Amino acid sequence: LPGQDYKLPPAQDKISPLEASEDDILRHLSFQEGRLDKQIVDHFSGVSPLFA
RNA sequence: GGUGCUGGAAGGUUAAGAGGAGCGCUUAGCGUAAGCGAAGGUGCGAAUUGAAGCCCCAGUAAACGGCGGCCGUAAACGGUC
């Protein structure tokens with residue numbers, strides 16, 4: 001609304017995918033049964049399913 | 001903003017009173033005719049001065065008083081008179 005304070009888009013609860021770590025990237029996806037692309041989607045910030 | 005109250009004349013409007021230009025009426029006399037006419041007297045009095053007040057300028061609402069309409073958008077914001 002005009003005049004209202006900004007609230008800022010919600011946090012997706014991920015980690016920064018770039019300049020993260022060669023180890024941080026895997027210590028949190030936790031692949032068990034094969035939802036790999038969806039795990040990349042909902043565990044990384046701002047990534048499309050096409051990139052996964 | 002308008003009206004009241006208070007303050008301010010830069011500029012116009014200003015009455016009575018001062019002021020007297022000038023213009024009529026009479027005639028001692030100039031005049032063949034019709035008119036002109038000095039000094040007085042008697043009416044109209046133009047310019048120039050002549051305050052408050054009014055137009056004006058500011059403040060004052062626990063002074064008088066007033067605090068709107070249409071169209072959208074989700075009280076609030078946007079467009080217009």
# chains A, B, ... in the order shown; residues from 1 in each chain; ligands from 1
call {"tool": "interface_residues", "arguments": {"of": "chain B", "to": "chain A", "cutoff": "9 Å", "atoms": "only C-alpha atoms (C1' of nucleotides)", "output": "PyMOL selection string"}}
result
chain B and resi 74+76-77
call {"tool": "residues_around", "arguments": {"residues": "residue 24 of chain B", "least_positions_apart": "2", "cutoff": "12 Å", "atoms": "only C-alpha atoms (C1' of nucleotides)", "output": "PyMOL selection string"}}
result
chain B and resi 22+26+42-45
call {"tool": "write_last_selection", "arguments": {"atoms": "N, CA and C atoms (P, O5', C5', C4', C3', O3' and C1' of nucleotides)", "output": "PDB file, in the first residue's frame"}}
result
ATOM      1  P     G B  22     -10.574  86.667 -13.406  1.00  0.00           P
ATOM      2  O5'   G B  22     -11.805  85.972 -14.144  1.00  0.00           O
ATOM      3  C5'   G B  22     -11.604  85.131 -15.269  1.00  0.00           C
ATOM      4  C4'   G B  22     -12.721  84.128 -15.418  1.00  0.00           C
ATOM      5  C3'   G B  22     -14.088  84.698 -15.760  1.00  0.00           C
ATOM      6  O3'   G B  22     -14.230  84.978 -17.142  1.00  0.00           O
ATOM      7  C1'   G B  22     -14.301  83.112 -14.017  1.00  0.00           C
ATOM      8  P     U B  26     -29.775  93.631 -17.510  1.00  0.00           P
ATOM      9  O5'   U B  26     -30.455  94.519 -16.379  1.00  0.00           O
ATOM     10  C5'   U B  26     -30.335  95.926 -16.402  1.00  0.00           C
ATOM     11  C4'   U B  26     -29.960  96.475 -15.052  1.00  0.00           C
ATOM     12  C3'   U B  26     -29.188  97.778 -15.083  1.00  0.00           C
ATOM     13  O3'   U B  26     -30.036  98.898 -15.244  1.00  0.00           O
ATOM     14  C1'   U B  26     -28.161  96.272 -13.563  1.00  0.00           C
ATOM     15  P     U B  42     -24.085  93.388  -1.883  1.00  0.00           P
ATOM     16  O5'   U B  42     -24.986  92.510  -2.860  1.00  0.00           O
ATOM     17  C5'   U B  42     -26.398  92.667  -2.895  1.00  0.00           C
ATOM     18  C4'   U B  42     -26.986  92.019  -4.121  1.00  0.00           C
ATOM     19  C3'   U B  42     -26.738  90.525  -4.257  1.00  0.00           C
ATOM     20  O3'   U B  42     -27.654  89.756  -3.497  1.00  0.00           O
ATOM     21  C1'   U B  42     -26.269  91.603  -6.316  1.00  0.00           C
ATOM     22  P     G B  43     -27.244  88.296  -2.968  1.00  0.00           P
ATOM     23  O5'   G B  43     -27.542  87.346  -4.209  1.00  0.00           O
ATOM     24  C5'   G B  43     -27.091  85.998  -4.221  1.00  0.00           C
ATOM     25  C4'   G B  43     -27.318  85.357  -5.565  1.00  0.00           C
ATOM     26  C3'   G B  43     -26.450  84.149  -5.875  1.00  0.00           C
ATOM     27  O3'   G B  43     -26.945  82.952  -5.307  1.00  0.00           O
ATOM     28  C1'   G B  43     -26.409  85.633  -7.710  1.00  0.00           C
ATOM     29  P     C B  44     -25.928  81.858  -4.715  1.00  0.00           P
ATOM     30  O5'   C B  44     -25.326  81.152  -6.009  1.00  0.00           O
ATOM     31  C5'   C B  44     -26.170  80.476  -6.931  1.00  0.00           C
ATOM     32  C4'   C B  44     -25.457  80.201  -8.230  1.00  0.00           C
ATOM     33  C3'   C B  44     -24.173  79.399  -8.122  1.00  0.00           C
ATOM     34  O3'   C B  44     -24.395  78.006  -7.981  1.00  0.00           O
ATOM     35  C1'   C B  44     -23.822  81.256  -9.541  1.00  0.00           C
ATOM     36  P     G B  45     -23.995  77.272  -6.609  1.00  0.00           P
ATOM     37  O5'   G B  45     -22.714  78.077  -6.110  1.00  0.00           O
ATOM     38  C5'   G B  45     -21.407  77.534  -6.258  1.00  0.00           C
ATOM     39  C4'   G B  45     -20.669  78.153  -7.421  1.00  0.00           C
ATOM     40  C3'   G B  45     -19.226  77.690  -7.588  1.00  0.00           C
ATOM     41  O3'   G B  45     -18.887  77.688  -8.972  1.00  0.00           O
ATOM     42  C1'   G B  45     -19.261  80.021  -7.232  1.00  0.00           C
TER      43        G B  45
END
call {"tool": "residues_around", "arguments": {"residues": "residue 66 of chain B", "least_positions_apart": "3", "cutoff": "12 Å", "atoms": "only C-alpha atoms (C1' of nucleotides)", "output": "PDB file with C-alpha atoms (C1' of nucleotides), in the first residue's frame"}}
result
ATOM      1  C1'   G B   1     -11.746  33.802   2.547  1.00  0.00           C
ATOM      2  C1'   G B   2     -16.286  37.182   4.294  1.00  0.00           C
ATOM      3  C1'   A B  61     -11.394  31.671  15.911  1.00  0.00           C
TER       4        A B  61
END
call {"tool": "select_by_dssp", "arguments": {"residues": "chain A", "states": "alpha helix (DSSP H)", "output": "MDAnalysis selection string"}}
result
chainID A and resid 36:43
call {"tool": "write_last_selection", "arguments": {"atoms": "N, CA and C atoms", "output": "PDB file, in the first residue's frame"}}
result
ATOM      1  N   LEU A  36      16.277 -36.100  -6.052  1.00  0.00           N
ATOM      2  CA  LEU A  36      17.488 -35.289  -6.200  1.00  0.00           C
ATOM      3  C   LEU A  36      17.270 -33.881  -6.740  1.00  0.00           C
ATOM      4  N   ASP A  37      16.558 -33.768  -7.868  1.00  0.00           N
ATOM      5  CA  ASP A  37      16.273 -32.458  -8.445  1.00  0.00           C
ATOM      6  C   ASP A  37      15.383 -31.617  -7.533  1.00  0.00           C
ATOM      7  N   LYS A  38      14.375 -32.238  -6.910  1.00  0.00           N
ATOM      8  CA  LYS A  38      13.516 -31.514  -5.982  1.00  0.00           C
ATOM      9  C   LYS A  38      14.266 -31.150  -4.704  1.00  0.00           C
ATOM     10  N   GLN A  39      15.231 -31.986  -4.299  1.00  0.00           N
ATOM     11  CA  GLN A  39      16.073 -31.646  -3.153  1.00  0.00           C
ATOM     12  C   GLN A  39      16.965 -30.446  -3.443  1.00  0.00           C
ATOM     13  N   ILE A  40      17.519 -30.372  -4.658  1.00  0.00           N
ATOM     14  CA  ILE A  40      18.288 -29.198  -5.071  1.00  0.00           C
ATOM     15  C   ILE A  40      17.391 -27.964  -5.116  1.00  0.00           C
ATOM     16  N   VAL A  41      16.144 -28.142  -5.572  1.00  0.00           N
ATOM     17  CA  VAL A  41      15.192 -27.029  -5.659  1.00  0.00           C
ATOM     18  C   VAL A  41      14.835 -26.486  -4.278  1.00  0.00           C
ATOM     19  N   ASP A  42      14.489 -27.363  -3.333  1.00  0.00           N
ATOM     20  CA  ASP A  42      14.044 -26.873  -2.033  1.00  0.00           C
ATOM     21  C   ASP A  42      15.153 -26.822  -0.985  1.00  0.00           C
ATOM     22  N   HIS A  43      16.420 -26.991  -1.379  1.00  0.00           N
ATOM     23  CA  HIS A  43      17.520 -26.833  -0.435  1.00  0.00           C
ATOM     24  C   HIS A  43      18.491 -25.726  -0.843  1.00  0.00           C
TER      25      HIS A  43
END
call {"tool": "residues_around", "arguments": {"residues": "residue 14 of chain B", "least_positions_apart": "6", "cutoff": "12 Å", "atoms": "only C-alpha atoms (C1' of nucleotides)", "output": "PDB file with N, CA and C atoms (P, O5', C5', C4', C3', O3' and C1' of nucleotides), in the first residue's frame"}}
result
ATOM      1  P     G B  50      -4.541  69.274   3.027  1.00  0.00           P
ATOM      2  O5'   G B  50      -5.938  69.300   3.792  1.00  0.00           O
ATOM      3  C5'   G B  50      -6.151  70.155   4.904  1.00  0.00           C
ATOM      4  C4'   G B  50      -7.614  70.225   5.246  1.00  0.00           C
ATOM      5  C3'   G B  50      -8.356  68.905   5.218  1.00  0.00           C
ATOM      6  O3'   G B  50      -8.123  68.114   6.368  1.00  0.00           O
ATOM      7  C1'   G B  50      -9.633  70.543   4.106  1.00  0.00           C
ATOM      8  P     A B  51      -7.327  66.725   6.241  1.00  0.00           P
ATOM      9  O5'   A B  51      -6.911  66.400   7.740  1.00  0.00           O
ATOM     10  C5'   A B  51      -6.717  65.063   8.161  1.00  0.00           C
ATOM     11  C4'   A B  51      -7.608  64.728   9.325  1.00  0.00           C
ATOM     12  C3'   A B  51      -8.124  63.303   9.365  1.00  0.00           C
ATOM     13  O3'   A B  51      -7.172  62.402   9.898  1.00  0.00           O
ATOM     14  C1'   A B  51      -9.902  64.809   9.790  1.00  0.00           C
ATOM     15  P     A B  52      -7.393  60.820   9.774  1.00  0.00           P
ATOM     16  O5'   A B  52      -8.146  60.437  11.123  1.00  0.00           O
ATOM     17  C5'   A B  52      -8.838  59.208  11.244  1.00  0.00           C
ATOM     18  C4'   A B  52     -10.205  59.402  11.845  1.00  0.00           C
ATOM     19  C3'   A B  52     -11.252  58.387  11.426  1.00  0.00           C
ATOM     20  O3'   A B  52     -11.173  57.173  12.151  1.00  0.00           O
ATOM     21  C1'   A B  52     -12.149  60.552  11.204  1.00  0.00           C
ATOM     22  P     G B  53     -10.850  55.797  11.387  1.00  0.00           P
ATOM     23  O5'   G B  53     -12.082  55.607  10.394  1.00  0.00           O
ATOM     24  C5'   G B  53     -13.405  55.462  10.888  1.00  0.00           C
ATOM     25  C4'   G B  53     -14.427  55.681   9.802  1.00  0.00           C
ATOM     26  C3'   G B  53     -14.297  54.786   8.584  1.00  0.00           C
ATOM     27  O3'   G B  53     -14.830  53.490   8.792  1.00  0.00           O
ATOM     28  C1'   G B  53     -14.636  57.016   7.886  1.00  0.00           C
ATOM     29  P     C B  54     -14.044  52.198   8.248  1.00  0.00           P
ATOM     30  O5'   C B  54     -14.334  52.207   6.683  1.00  0.00           O
ATOM     31  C5'   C B  54     -15.665  52.167   6.192  1.00  0.00           C
ATOM     32  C4'   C B  54     -15.721  52.391   4.702  1.00  0.00           C
ATOM     33  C3'   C B  54     -14.796  51.530   3.861  1.00  0.00           C
ATOM     34  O3'   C B  54     -15.257  50.204   3.675  1.00  0.00           O
ATOM     35  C1'   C B  54     -14.666  53.765   3.114  1.00  0.00           C
ATOM     36  P     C B  55     -14.201  48.996   3.580  1.00  0.00           P
ATOM     37  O5'   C B  55     -13.446  49.238   2.197  1.00  0.00           O
ATOM     38  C5'   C B  55     -14.129  49.091   0.962  1.00  0.00           C
ATOM     39  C4'   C B  55     -13.240  49.389  -0.219  1.00  0.00           C
ATOM     40  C3'   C B  55     -11.969  48.573  -0.334  1.00  0.00           C
ATOM     41  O3'   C B  55     -12.174  47.247  -0.794  1.00  0.00           O
ATOM     42  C1'   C B  55     -11.478  50.831  -0.791  1.00  0.00           C
TER      43        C B  55
END
call {"tool": "atom_distance", "arguments": {"atom1": "atom CA of residue 17 of chain A", "atom2": "atom CA of residue 45 of chain A"}}
result
6.4 Å
call {"tool": "residues_around", "arguments": {"residues": "residue 58 of chain B", "least_positions_apart": "5", "cutoff": "12 Å", "atoms": "only C-alpha atoms (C1' of nucleotides)", "output": "PyMOL selection string"}}
result
chain B and resi 6-8
call {"tool": "closest_residue", "arguments": {"among": "B:40, B:65, B:59, B:19", "to": "residue 5 of chain B", "atoms": "only C-alpha atoms (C1' of nucleotides)"}}
result
B:59
call {"tool": "atom_distance", "arguments": {"atom1": "atom CA of residue 44 of chain A", "atom2": "atom CA of residue 26 of chain A"}}
result
11.0 Å
call {"tool": "atom_distance", "arguments": {"atom1": "atom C1' of residue 13 of chain B", "atom2": "atom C1' of residue 48 of chain B"}}
result
17.3 Å
call {"tool": "decode", "arguments": {"residues": "chain B", "atoms": "C-alpha atoms (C1' of nucleotides)", "output": "PDB file, in the first residue's frame"}}
result
ATOM      1  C1'   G B   1     -11.746  33.802   2.547  1.00  0.00           C
ATOM      2  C1'   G B   2     -16.286  37.182   4.294  1.00  0.00           C
ATOM      3  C1'   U B   3     -17.951  39.792   8.747  1.00  0.00           C
ATOM      4  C1'   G B   4     -16.403  41.914  13.944  1.00  0.00           C
ATOM      5  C1'   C B   5     -11.841  43.534  16.974  1.00  0.00           C
ATOM      6  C1'   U B   6      -6.654  45.571  16.886  1.00  0.00           C
ATOM      7  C1'   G B   7      -2.622  47.877  14.252  1.00  0.00           C
ATOM      8  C1'   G B   8      -0.750  50.559   9.545  1.00  0.00           C
ATOM      9  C1'   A B   9      -1.819  55.728   5.149  1.00  0.00           C
ATOM     10  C1'   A B  10       2.326  53.956   0.338  1.00  0.00           C
ATOM     11  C1'   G B  11      -2.206  55.301  -3.198  1.00  0.00           C
ATOM     12  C1'   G B  12      -7.565  57.013  -4.432  1.00  0.00           C
ATOM     13  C1'   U B  13     -12.637  58.713  -2.314  1.00  0.00           C
ATOM     14  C1'   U B  14     -13.428  62.300   0.872  1.00  0.00           C
ATOM     15  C1'   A B  15     -18.122  67.098   4.347  1.00  0.00           C
ATOM     16  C1'   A B  16     -18.459  71.748   6.779  1.00  0.00           C
ATOM     17  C1'   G B  17     -15.077  75.717   6.950  1.00  0.00           C
ATOM     18  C1'   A B  18     -10.941  78.677   4.155  1.00  0.00           C
ATOM     19  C1'   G B  19      -9.957  80.407  -0.932  1.00  0.00           C
ATOM     20  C1'   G B  20     -11.288  83.127  -5.021  1.00  0.00           C
ATOM     21  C1'   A B  21     -10.458  82.437 -10.854  1.00  0.00           C
ATOM     22  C1'   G B  22     -14.301  83.112 -14.017  1.00  0.00           C
ATOM     23  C1'   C B  23     -19.541  83.718 -15.835  1.00  0.00           C
ATOM     24  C1'   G B  24     -24.653  86.158 -15.535  1.00  0.00           C
ATOM     25  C1'   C B  25     -28.150  91.009 -13.941  1.00  0.00           C
ATOM     26  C1'   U B  26     -28.161  96.272 -13.563  1.00  0.00           C
ATOM     27  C1'   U B  27     -25.626 101.334 -15.875  1.00  0.00           C
ATOM     28  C1'   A B  28     -21.899 106.787 -15.711  1.00  0.00           C
ATOM     29  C1'   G B  29     -21.091 106.635 -20.839  1.00  0.00           C
ATOM     30  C1'   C B  30     -19.666 105.252 -26.106  1.00  0.00           C
ATOM     31  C1'   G B  31     -23.494 103.997 -30.302  1.00  0.00           C
ATOM     32  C1'   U B  32     -27.563 105.947 -37.326  1.00  0.00           C
ATOM     33  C1'   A B  33     -29.516 101.001 -36.638  1.00  0.00           C
ATOM     34  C1'   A B  34     -28.248  96.379 -32.214  1.00  0.00           C
ATOM     35  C1'   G B  35     -25.132  96.288 -29.059  1.00  0.00           C
ATOM     36  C1'   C B  36     -20.506  97.241 -26.171  1.00  0.00           C
ATOM     37  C1'   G B  37     -19.602  98.732 -21.544  1.00  0.00           C
ATOM     38  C1'   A B  38     -15.476 101.430 -16.259  1.00  0.00           C
ATOM     39  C1'   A B  39     -16.464 101.817 -10.557  1.00  0.00           C
ATOM     40  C1'   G B  40     -20.010  99.693  -7.109  1.00  0.00           C
ATOM     41  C1'   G B  41     -24.135  96.503  -5.625  1.00  0.00           C
ATOM     42  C1'   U B  42     -26.269  91.603  -6.316  1.00  0.00           C
ATOM     43  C1'   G B  43     -26.409  85.633  -7.710  1.00  0.00           C
ATOM     44  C1'   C B  44     -23.822  81.256  -9.541  1.00  0.00           C
ATOM     45  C1'   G B  45     -19.261  80.021  -7.232  1.00  0.00           C
ATOM     46  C1'   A B  46     -14.119  76.339 -10.917  1.00  0.00           C
ATOM     47  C1'   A B  47      -9.036  75.166  -9.668  1.00  0.00           C
ATOM     48  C1'   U B  48      -6.147  74.606  -4.629  1.00  0.00           C
ATOM     49  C1'   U B  49      -6.429  73.198   0.701  1.00  0.00           C
ATOM     50  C1'   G B  50      -9.633  70.543   4.106  1.00  0.00           C
ATOM     51  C1'   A B  51      -9.902  64.809   9.790  1.00  0.00           C
ATOM     52  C1'   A B  52     -12.149  60.552  11.204  1.00  0.00           C
ATOM     53  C1'   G B  53     -14.636  57.016   7.886  1.00  0.00           C
ATOM     54  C1'   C B  54     -14.666  53.765   3.114  1.00  0.00           C
ATOM     55  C1'   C B  55     -11.478  50.831  -0.791  1.00  0.00           C
ATOM     56  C1'   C B  56      -6.617  48.404   0.820  1.00  0.00           C
ATOM     57  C1'   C B  57      -2.703  45.741   3.812  1.00  0.00           C
ATOM     58  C1'   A B  58      -1.405  42.226   8.306  1.00  0.00           C
ATOM     59  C1'   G B  59      -2.769  39.559  12.887  1.00  0.00           C
ATOM     60  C1'   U B  60      -6.787  37.648  15.854  1.00  0.00           C
ATOM     61  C1'   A B  61     -11.394  31.671  15.911  1.00  0.00           C
ATOM     62  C1'   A B  62     -12.348  29.562  24.532  1.00  0.00           C
ATOM     63  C1'   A B  63     -14.513  36.181  18.069  1.00  0.00           C
ATOM     64  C1'   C B  64     -19.193  35.784  14.431  1.00  0.00           C
ATOM     65  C1'   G B  65     -18.644  31.392  11.549  1.00  0.00           C
ATOM     66  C1'   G B  66     -17.351  27.007   8.564  1.00  0.00           C
ATOM     67  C1'   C B  67     -14.891  22.005   8.267  1.00  0.00           C
ATOM     68  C1'   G B  68     -17.520  19.785   0.209  1.00  0.00           C
ATOM     69  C1'   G B  69     -18.695  16.980  -4.043  1.00  0.00           C
ATOM     70  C1'   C B  70     -17.797  12.729  -8.386  1.00  0.00           C
ATOM     71  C1'   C B  71     -14.537   8.027 -10.164  1.00  0.00           C
ATOM     72  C1'   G B  72     -11.394   4.205  -8.696  1.00  0.00           C
ATOM     73  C1'   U B  73      -8.427   1.397  -5.249  1.00  0.00           C
ATOM     74  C1'   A B  74      -8.137  -1.940  -0.907  1.00  0.00           C
ATOM     75  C1'   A B  75     -10.091   4.122   7.373  1.00  0.00           C
ATOM     76  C1'   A B  76      -5.961   5.055   3.980  1.00  0.00           C
ATOM     77  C1'   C B  77      -4.320   6.344  -1.019  1.00  0.00           C
ATOM     78  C1'   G B  78      -4.589   8.123  -6.447  1.00  0.00           C
ATOM     79  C1'   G B  79      -7.253  11.467 -10.742  1.00  0.00           C
ATOM     80  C1'   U B  80     -10.473  16.035 -11.277  1.00  0.00           C
ATOM     81  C1'   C B  81     -13.842  20.665  -9.890  1.00  0.00           C
TER      82        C B  81
END
